[PDB]
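[1] part one of the complex, untouched from its place in the assembly:
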Amino acid sequence: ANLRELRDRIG
Amino acid sequence: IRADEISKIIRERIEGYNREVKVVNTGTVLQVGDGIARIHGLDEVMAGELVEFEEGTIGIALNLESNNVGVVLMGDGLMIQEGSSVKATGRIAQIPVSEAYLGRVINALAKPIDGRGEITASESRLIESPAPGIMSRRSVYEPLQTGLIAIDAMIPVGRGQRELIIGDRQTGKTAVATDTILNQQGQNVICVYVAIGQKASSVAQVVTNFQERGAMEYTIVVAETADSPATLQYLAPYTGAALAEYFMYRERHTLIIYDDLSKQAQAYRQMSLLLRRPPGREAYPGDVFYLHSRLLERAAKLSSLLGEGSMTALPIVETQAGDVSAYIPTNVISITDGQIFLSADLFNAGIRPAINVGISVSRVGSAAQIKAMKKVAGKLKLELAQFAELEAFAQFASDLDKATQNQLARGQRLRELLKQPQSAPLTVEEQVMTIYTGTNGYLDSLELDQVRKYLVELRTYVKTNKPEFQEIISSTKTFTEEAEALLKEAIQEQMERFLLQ
Amino acid sequence: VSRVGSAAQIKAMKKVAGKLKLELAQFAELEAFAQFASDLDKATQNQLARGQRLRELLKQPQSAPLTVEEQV
Amino acid sequence: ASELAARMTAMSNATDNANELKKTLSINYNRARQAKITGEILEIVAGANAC
């Protein structure tokens, strides 16, 4: 779930 | 390339080869690793049978391979020289258990480590005994006064519940568990504090605070150092569970605290890797989930037919960097009756203890409380989650309704009244009157920091004035209209006395 | 994106496709100025409105095929 | 006019801050994805080597 929240914070 | 071929076993086997004989009586020592030894022979031992080495060290025969036995060592095996002999004691890892262990620091060898004397305990029990089934269980319907008002009210642990106390570094987990133990001094329960892989000075600290605070008569501190081998750390919570399982089978109410359960998990990973077994996610074996399951599934309440002596667990898991993605915390969250999360970003922010109410889960709910606290704390956790989730949005807006702002003031008083100090627990009547004066808007007319200074003096007010409140709450076990009228008179008079002060 | 490109678009299709992708790129760059179209320039306001018209033209129901006549 | 000008300056500074923050979050995200892929391949080849 780390990469998901990372990508979503980037967006 | 293959063990059990060391050119001395080969001559021993070639000297007689008109035979199909077995050597079930004895066994030989081929290898000794860094605490794990390979045994040749032992053709009648069980999977888990204790094996006695030549020097007089005991081990368990976990990996029963074809021609050879891989035995883990229940001690530091500096003395096991290869080519020596072993035996088989026929008993499968049994410990003595009786009502005489009360109040002492106990090794995982079920032998004292404080020198107060050799303990007497006749009847012995497996170190790993299976969990009770479903016919031997009944639903959880008892209170468990934790002493901490937040956990008692909102996230209520009950007798039979197995509540996880999860968190991070220095967040107050061991402190919370020790308060849960120390509060019990009038409920006649038998607590056990099994400290796995904790620092020895800290074990001495908590045991001397136990022996000074008064709850040594209840408790047993099943603790070892860090330099016990991985077998001892992996086995210690099973010893604690065995003692508590004996006691709940003796229909006495128990409460056990594993501390921690990441240390036992990595200490199982140690012997799993040193036995050349495959690694799963983050090098743990995949069966660590089943390990924690077959440990934790024992704690419950017994049925009417088996004495109803409950068994309460309180596992503790620390999460590095504050996550749930790690394998061991995810496992233990899945197994328990919900979790109790603690955050450092709340702990350093004046909220001590730092129970994040928004993500802390109690799966038994208000069925583990008396009808008084069940009445006043009907939906207080949920309305507190609502107050938090609207206070978060109230930072992205400029001007609000006065209605929402009054609701914010009442919710702030609600969040403020539950800050209980460590080594300073409450009682059920204190909690019910405090939370009643809280949720009924009866604090929204005063200052934020004024709430606790108000409420401790109100608690002492009802303490010195009305034993009728005590007896109505403690005899009938409900918050009724007579006690409510008494409490409303208390609110009015204390507000008068503060307006004077 | 398609790397074959306009080679499999018919002559009736390519001209309207080029104008449509022109206006749809100019709509995708002026997207964030959605509620600011009241404060935008009049021409860019027409661009945003027409791009919204094109995007809502782009919808269709599931499994309702449209021949090249209907598409053009 | 002055409040719209000051707000324009504030928006420009916020866009520059968001630029730099986006660049740093992209760097850290690439690093996290790489370390995750490496951890996966490491544990896979370790579990395979074991058998």
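    Perfect, thanks for sending it. Numbering: from 1, shown residues only, chains lettered A, B, ... in the order given.
[2] Provide the secondary structure category for the residue in chain D that chain A sits nearest to.
    Proximity of chain D to chain A (C-beta to the nearest C-beta) peaks at residue D:29, 4.7 Å away. For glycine as for every other residue, the C-beta is placed from the backbone atoms N, C-alpha and C. Classification of residue D:29 using DSSP: H, G, I helix; E, B strand; the rest coil returns helix.
[3] ok, now which ones touch the closest residue to it other than its chain neighbours?
    Nearest non-adjacent residue to residue D:29, counting by C-beta to C-beta, 6 or more residues apart in numbering or on different chains: residue A:6, 4.7 Å away. Going by C-beta atoms under 8 Å, 6 or more residues apart in numbering or on different chains, residue A:6 touches D:25, D:28-29, D:32.
[4] picking that back up, got the contact list for the residue of chain D closest to chain A?
    Contacts of residue D:29 by C-beta under 8 Å, 6+ apart are A:3, A:6-7, A:10.
[5] Tell me how far it lies from residue B:485.
    Separation of residue D:29 from residue B:485 (C-beta to C-beta, to the nearest Å): 61 Å.
[6] Here is chain E, add it in:
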Amino acid sequence: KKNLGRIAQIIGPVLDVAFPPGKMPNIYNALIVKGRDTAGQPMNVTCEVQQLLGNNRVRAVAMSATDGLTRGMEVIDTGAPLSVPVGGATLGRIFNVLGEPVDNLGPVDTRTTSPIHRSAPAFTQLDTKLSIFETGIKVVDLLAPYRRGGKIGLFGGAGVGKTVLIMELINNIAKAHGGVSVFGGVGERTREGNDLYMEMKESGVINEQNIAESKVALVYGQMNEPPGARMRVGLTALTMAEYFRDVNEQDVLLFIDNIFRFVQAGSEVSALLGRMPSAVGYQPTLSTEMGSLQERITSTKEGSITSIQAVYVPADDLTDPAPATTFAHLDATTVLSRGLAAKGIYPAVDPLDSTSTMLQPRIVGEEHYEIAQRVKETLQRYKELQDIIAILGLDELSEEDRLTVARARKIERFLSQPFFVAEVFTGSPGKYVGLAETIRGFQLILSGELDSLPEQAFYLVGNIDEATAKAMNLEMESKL
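    Okay, chain E now, added to the rest:
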């Protein structure tokens, strides 16, 4: 049968048995160890074979405790898979994978039986029944219409309301259903199974006054069991349902909780069998095992099977391969989120990521589909605008945009119903909402004529009428 096998190597749950050179058992047969406990009485540890190891040796799987077995014990083949009692006999008894009644009651009718291992039906014998049936939960009714006889999986984390939702769903469906149910516990809390046992004994669906009149068969392979037990309890429950649909030929309900524990038991035993590990440590036979268990839950022209199964997601990351395969075998999914679970909305079924196959104009009607996709539109708009208002604020938007903000912040409250069994966690009386009520209430919320109510007055109400009553109550308590 009539042979003798020698235990040769016991690495925990896995067993190496040697047989005479001619007679060798087939794969997925059922050994039975004539072992003994610590008291020496002849006790059985039933055993399933998985693989011919070669050199007249095989590798097996132990269905029960391994602590107490020695190298040099004996074992006897049955020549067949692990047969389980079937029919009206297995109705109202706790069941294990070994076909043993676990509750303290007498023996069972042993003559009606069937093996575990079988395959999917004929593809030309599949029922294309797509009829909707009413559940009661507002989110479960409107945004995710459930296929009768279709499979349903409740993707969630640990402690967000999977078990509560499935228990209330049993509570609401099994009493008004028209067929015999079967519940299975696969790797879950034992005391919670006891709570289900007591709560369904008292609620009469066990009707324990007379046996064989119960409409549920309870199977339990929960957490404290060796990986063979959790590896085959799901198969046993499915085979009971397959008898009840193949000979009694009627609709059934089959709740397989928790299917992730089945997959995890498979991985724990597969890493030890010498399998080269797949993605993060699951077995390589992941998708084929998941299908081979899933695909025999199906409808047919003899009787459909409705299957609401609880499926677990580790760390709330839906990328992980066990949910990544379980999404590929489900009809109408339901994804309980941690966001709504921490926010306070119970049930925490996320309206957005949940998506079914039944919600079509030609399957449910046009206006239901239209108002549902408009609700999804408004919520997608709000979760789009969230990251903007995070730093922007509440006073730099439009009347359309702030209007949709307040409307969606009413909607996310309105989709929360206080369940029957949620009374211990909420403190609210029993509510069961109708589908017409939900669609009418969402037209009342969406069409703008409710933009003057208190915004917190939408939380945990059954009817939109009760939301108006909450508005009246809150304004009366504020104004006194």
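[7] ok, and the closest non-adjacent residue to the residue of chain A found nearest chain B?
    For chain A and chain B, the shortest gap (C-beta to the nearest C-beta) falls at residue A:1, measuring 5.8 Å. Excluding its sequence neighbours, the residue lying closest to residue A:1 (C-beta to C-beta, 6+ apart) is residue E:317, at 3.9 Å.
[8] That neighbour - how many residues pack around it?
    By the criterion of other C-beta atoms under 10 Å in any protein chain shown, residue E:317 has 16 neighbours.
[9] Does it touch residue A:4 like I think?
    Yes. Between residue E:317 and residue A:4 there is a contact under C-beta atoms under 8 Å: 6.5 Å.
[10] Can you name the residues of the stretch 351-480 of chain E sitting close to chain A?
    Residues of the stretch 351-480 of chain E lying near chain A by C-beta under 8 Å from any C-beta of the partner chain: residue E:387.
[11] Quickly find the element holding the closest residue to residue B:200 other than its chain neighbours.
    Leaving out its chain neighbours, the residue that sits closest to residue B:200 by C-beta to C-beta, 6+ apart is residue B:225, at 4.8 Å. Residue B:225 belongs to no helix or strand when assigned by DSSP states H and E.
[12] onto the same structure, chain F please:
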Amino acid sequence: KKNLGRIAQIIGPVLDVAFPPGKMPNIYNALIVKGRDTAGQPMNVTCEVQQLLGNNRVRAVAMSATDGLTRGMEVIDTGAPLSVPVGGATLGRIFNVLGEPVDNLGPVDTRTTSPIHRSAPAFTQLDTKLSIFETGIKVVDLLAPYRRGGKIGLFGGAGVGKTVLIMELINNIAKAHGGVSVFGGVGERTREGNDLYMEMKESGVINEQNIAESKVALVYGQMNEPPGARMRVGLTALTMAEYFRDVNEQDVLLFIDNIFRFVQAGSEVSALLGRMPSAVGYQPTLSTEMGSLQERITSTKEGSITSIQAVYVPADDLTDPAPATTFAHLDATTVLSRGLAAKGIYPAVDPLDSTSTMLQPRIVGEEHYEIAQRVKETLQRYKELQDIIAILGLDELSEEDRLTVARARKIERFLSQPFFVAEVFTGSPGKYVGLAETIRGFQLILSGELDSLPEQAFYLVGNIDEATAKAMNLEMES
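    Putting chain F together with the chains above:
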């Protein structure tokens, strides 16, 4: 006569020794392998017995350079485990991993030796006095006070002030505490091991005339040695302090730098010994490896050991497995951040991520602990606001928020303190500060008696009067 045996394998730092079938050495038995050099017989290469492989052979990590050690050479077992000399001769001398003087002085008394693999002291021997100990650092005096006899870890990445801070702690404390202080050099540059020696020579702690009363022992297994040496210098210094405690009864300071290299040595040797790969790259025997050091460093009824140590966190990652196992083996944590050092705050101790077991009202009183908790609360308010501060700035809050924002912005500079070692680096001489004025200065910052002046006075000063004088001095020269 001692049982001789011939080696069979060598794979870098791992030696496989065979023995006659009757006699095989016990665990950790030293194995004096003879070898062959250009200059006679070197003989200094030594091995510690780790495992017993069967068929009359073992496996033993070489404690020195393994080159030259040709296959098929006789190895004489000692019979006793690895044992260093200890006692009065060690005081004022630089020793090897094997208990051997390397500082070019006299060969010490080989009479009072002791084995390094002695077990952990028994749990019943614990004394439970909890004494505060101010040392002269604002974040150490205030935030996480130190405990006389406990283990106080220091954490930190690459060059974030670990060695500087521990040299400053030595410079302050060593002349005050009248006990022997055995610095240990485990896994760092030889420059530091030489510079500490030169400072103790010129200062007068190690003086050649009257070297017996030097009250310091040393050991230096620096970054030039094979992994066996880097793996055993920890236990060398541990027994060299354990004997002083157990017999001379002195309170003893212990310093190690840096024990993550001691853990990394085991991680580097476990892959060569054939043991399986554990968590991400480490060894499976990890927590017991850390315990084998830390648990023998508990104060007993006989004497006391206080063990400051730098625990390097790799790749600036704080939840690496080895620091993860290190964190529970301490009494106080002090993580040295990269952000605060990058912005120039020196020392860069992370305030709200550093905690001690002694920050409690029953120990440090109500005044100290109350003020410290309020300071940490303000700092955590700053940390929570840091997102919106970074993306946007300052004006968009209410002034009640900017009260704490400005207060924390002054505190984060008042936690800095000039060092008696870093006085040669920046240019401000070292300033020892006590707790009795630290608390008063922090109270004055919280209240608002010195708040209205700009924050840049508070940076890199000592007492609050130094802050007032610096504020007046900046308001003097335009």
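[13] quick one, helices of the stretch 351-480 of chain E?
    Under the criterion DSSP state H, counting those that start in this stretch, helices of the stretch 351-480 of chain E are mapped to E:361-364, E:366-389, E:399-414, E:423-426, E:435-446, E:464-479.
[14] Can I get those in CSV including distance to residue D:19 and mean neighbour count?
    What follows is the helices of the stretch 351-480 of chain E, written out as CSV (distance: least, C-beta to C-beta, whole Å; neighbours: other C-beta atoms under 10 Å in any protein chain shown):
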stretch, distance to residue D:19, mean neighbour count
helix E:361-364, 46, 14
helix E:366-389, 17, 16
helix E:399-414, 26, 18
helix E:423-426, 46, 18
helix E:435-446, 39, 18
helix E:464-479, 45, 15
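[15] export the ones you listed to CSV and tack on distance to residue E:59?
    What follows is those, written out as CSV (distance: least, C-beta to C-beta, whole Å):
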stretch, distance to residue E:59
helix E:361-364, 48
helix E:366-389, 51
helix E:399-414, 53
helix E:423-426, 46
helix E:435-446, 53
helix E:464-479, 61
